[PDB]
Amino acid sequence: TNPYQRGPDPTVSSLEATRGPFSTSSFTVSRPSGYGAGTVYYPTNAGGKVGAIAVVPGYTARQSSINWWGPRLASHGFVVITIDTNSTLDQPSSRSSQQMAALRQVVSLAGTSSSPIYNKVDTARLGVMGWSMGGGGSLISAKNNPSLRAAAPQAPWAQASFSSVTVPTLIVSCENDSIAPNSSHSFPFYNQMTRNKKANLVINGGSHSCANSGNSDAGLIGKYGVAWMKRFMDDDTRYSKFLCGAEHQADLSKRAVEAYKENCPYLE
């Protein structure tokens, strides 16, 4: 019935694992169009076209900060492009422009017969992620392009307001962030968004890098990122229980969950 549904029925163990069920590969973008550099991660056996997600680092940072998301999401049925920005010193509006450029190049490569992702992407189903100024850029992308299916920034930094956002947005926040303090960034952004499905996962004791490659909470954080993108990029209500149901409630006793805010249930 759901034409976008891919893969086996999820379990807690399957979403906390380092990899999902699908086999994956990756390639470097030969000629990046409107951004600095990219790596594309993709499933080889997803069982149909999949949505695509663009992930952007923060100020001074590169793909290595955020690229654990590439194999983690791709192995659950997504095409993921992890980027470097034209300059490590680019600010959120610029990061957002580059993020959308990266999505546009994934759309271009999906129509290119020589590309490994030829005919693999549903070019109508796109999402945004990123760290710090790249997370603020994700929220800007969603504000400016409401046809995006999902946003899942981490420790976002921005000097912008997001009251108009209608895109389903998960913010991952790090309790002890001194760089994008939640009292100035994550929490005001969450409170501003009155028009969308939303959630805010706050990681206990986390510094600003608490959701980056190599983090010690990747089972938990990766479960939420994947379940958010499945629910909203694929309309896959099999994943609702991890966001709003009994599985979600079971997480709330974990030491690593400082706080969790949401406007469940998420109705179709």
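A short reminder: the numbers here are calculations on the coordinates, not readings from a lab. Neighbour counts run over all protein chains shown; Cβ positions are idealised from the backbone, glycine included.
A few notes on this one:
- The Cα center of region 24-43 and the Cα center of region 167-213 differ in position by 27 Å.
- Within the listed set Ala218, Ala110, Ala250, the Gaussian network model of the chain (springs between alpha-carbon atoms below 10 Å) gives the highest mean-square fluctuation for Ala250.
- Gaussian network model of the chain, springs between alpha carbon atoms under 10 Å - residue of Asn145, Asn191, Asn45 with greatest fluctuation: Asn191
- Full-extension gain in nm, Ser161 to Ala124, via 0.36 nm per residue minus C-alpha separation: 10.7 nm
- Segment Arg195..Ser87, full-extension length gain: 35.5 nm, with 0.36 nm per residue of separation and the alpha-carbon distance subtracted.
- Spin-label pair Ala37/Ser108, simplified geometry with 7 Å Cα→Cβ offset, distance in nm: 1.9 nm
- Counting neighbouring beta carbons within 10 Å and listing from fewest to most, the residues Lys223, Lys198, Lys49 come out as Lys49, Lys198, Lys223.
- Reduced Cα scattering model of the chain, Debye log10 I(q)/I(0), q = 0.07, 0.08 Å⁻¹: -0.20, -0.26
- Annotation: amide H of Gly58 within the under-5 Å range of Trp131, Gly134, sequence separation 5 or more or interchain, hydrogens built in the peptide plane.
- Spherically averaged projected area in nm², based on the convex hull that wraps the Cα atoms of region 60-183: 7.9 nm²
- Residues of region 245-268 with amide N under 18 Å of the 7 Å Cα→Cβ point at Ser216: 254-259
- Between region 225-246 and region 50-84, the alpha-carbon center distance in angstrom: 19 Å
- With the largest listed first and rounded to whole Å, the semi-axes of the equivalent ellipsoid of region 79-152 from the Cα gyration tensor are 22, 14, 9.
- Annotation: amide H of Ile171 within the under-5 Å range of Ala199, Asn200, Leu201, sequence separation 5 or more or interchain, hydrogens built in the peptide plane.
- In units of the compact-protein estimate 2.2 N^0.38 Å, region 141-205 shows a Cα radius of gyration of 1.04.
- Highest-fluctuation residue, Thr82, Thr194, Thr39 considered, GNM on the chain with Cα pairs under 10 Å: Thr194
- Value of relative contact order over the chain, rounded to a whole percent, pairs C-alpha under 8 Å and six or more apart: 17 percent
- When the listed pairs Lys120/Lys254; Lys143/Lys254; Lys198/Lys223 are checked against a 28 Å cut-off, the alpha-carbon distance exceeds it for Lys120/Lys254; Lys143/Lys254.
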